[PDB]
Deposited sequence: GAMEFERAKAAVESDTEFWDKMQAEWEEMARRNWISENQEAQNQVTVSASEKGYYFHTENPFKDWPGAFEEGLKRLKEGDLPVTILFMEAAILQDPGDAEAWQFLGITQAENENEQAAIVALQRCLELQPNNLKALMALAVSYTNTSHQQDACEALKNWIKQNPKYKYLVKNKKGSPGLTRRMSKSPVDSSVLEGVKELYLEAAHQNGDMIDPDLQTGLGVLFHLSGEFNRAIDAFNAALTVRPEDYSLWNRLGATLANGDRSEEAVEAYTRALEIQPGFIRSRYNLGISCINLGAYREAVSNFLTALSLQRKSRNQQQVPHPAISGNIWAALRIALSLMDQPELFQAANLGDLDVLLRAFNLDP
C-alpha cells in the first residue's frame, strides 16, 4: 500500500498532472511528487500519474515507494514500458533478480518492436535482449540499451553494461537519468572518478536530482573525499525533506572525518545542526 502525503495542498489543483510535469521539467522533485499524488487523487485510475510518480520517487532516492507506485501503474496499465524499465532498475537496486528479470521479460513482451523477436533464467533474458539489439543494426534503442546494460550489471559484466549506457546516451546525450545509470555503473564497477564525472553531468542537467547526489556521495567516499561526500549527503537531505540510507552514508563519511560532535548530530539525524557545519548551504 502507498503512503500518501496527508493534506495535499495541491489536491484540488486543476491541472495537477500537467503541472507536475512542468515542475518536474524545472527540477523540483518534491513538488513534482505532490502534484503527481494530487493527480492520482483526482483520477485514481490514471496510470501515467502513477508511472511518473514512481519514477520521480526513484529519482527522489526513495526506492521503497518507487516500487509500490510502479507496480500500481503496471497493475492499471500492464503494458506501460517506462514503468517496466524503471521497475526493473529498482528491483535491481534492491537486489531482486527474479523480479527484475520478470519485468524485463514482460517489457519485451509488451514491446511492439520486440513482440516478434544459477542463473540461466537471467541469462536467458539477457540473450533475449542481446538478439533483438542485434536485429537493430544501425540505429540503437536507448531503452533497449538500458535494459541491456541493466542485464549486464545484474549479470556482473560492467564493461558491457557501461557500453550499453554510453550507447543509450549517444541517442539521448541529455538524459540525466542515464548519466546517472552510467555513473552508478562505473562506481559500482569500482571506477569512481569516471562515475563522478557522470554524476556531475546528471546534476548539471537536473540539479534537483536526489539519487545522483547520493550516488555521488558514495563515490566521494570511494575516493576518500569526505568533506565533499558529506556536503553531497547534506545537500541531498536538504532537498529531500523539501530515506534513511542517505542518513547512513552520511553517518559513515562523517565517522571518517572523525568529527564527533557532528557525528553525534548525524547519529540522531539532526539535520539543521549540519547546515553549518562550516558555513554550509
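Asker: Provide the list of deposited-sequence positions lacking C-alpha coordinates, grouped into contiguous ranges.
Answerer: Gaps in the modelled chain, taken against the deposited sequence, lie at 1-52, 170-188, 314-325, 365.
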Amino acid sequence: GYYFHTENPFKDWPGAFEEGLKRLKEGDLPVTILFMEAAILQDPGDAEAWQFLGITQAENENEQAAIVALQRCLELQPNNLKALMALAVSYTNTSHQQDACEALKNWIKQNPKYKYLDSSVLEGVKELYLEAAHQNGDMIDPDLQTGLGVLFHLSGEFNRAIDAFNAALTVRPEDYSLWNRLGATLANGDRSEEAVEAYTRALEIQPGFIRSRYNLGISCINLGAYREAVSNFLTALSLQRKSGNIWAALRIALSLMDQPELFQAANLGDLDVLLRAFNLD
From here on, numbers count along this sequence of modelled residues.
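Asker: Higher average CA B factor in the deposited record is what I'm after, so tell me if that's 134-142 or 68-76.
Answerer: According to the PDB entry, the answer is 134-142.
Asker: Which is higher in the entry, the mean Cα B factor of 260-268 or that of 13-21?
Answerer: Going by the record's values, the stretch with the higher mean is 260-268.
Asker: Which one, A198, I205, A168, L117, has the peak C-alpha temperature factor per the PDB entry?
Answerer: If I rank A198, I205, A168, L117 by C-alpha B-factor, first place goes to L117.
Asker: Please rank the C-alpha B-factors of the chain's modelled residues and tell me whether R211 sits in the lowest, middle or highest third.
Answerer: Lowest third.
Asker: Place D46 in the lowest, middle or highest third of its chain's C-alpha B-factors, as listed in the PDB entry.
Answerer: Highest third.
Asker: Ranked by Cα temperature factor within the chain, is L234 in the lowest third, the middle third or the highest third?
Answerer: CA B-factor rank for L234: middle third.
Asker: What third of the chain, by the recorded C-alpha B-factor, contains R191?
Answerer: As the PDB entry reports it, the C-alpha B-factor of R191 lands in the highest third of its chain.
Asker: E228's Cα B-factor: lowest, middle or highest third of the chain?
Answerer: Highest third, going by the recorded CA B-factors of the chain.
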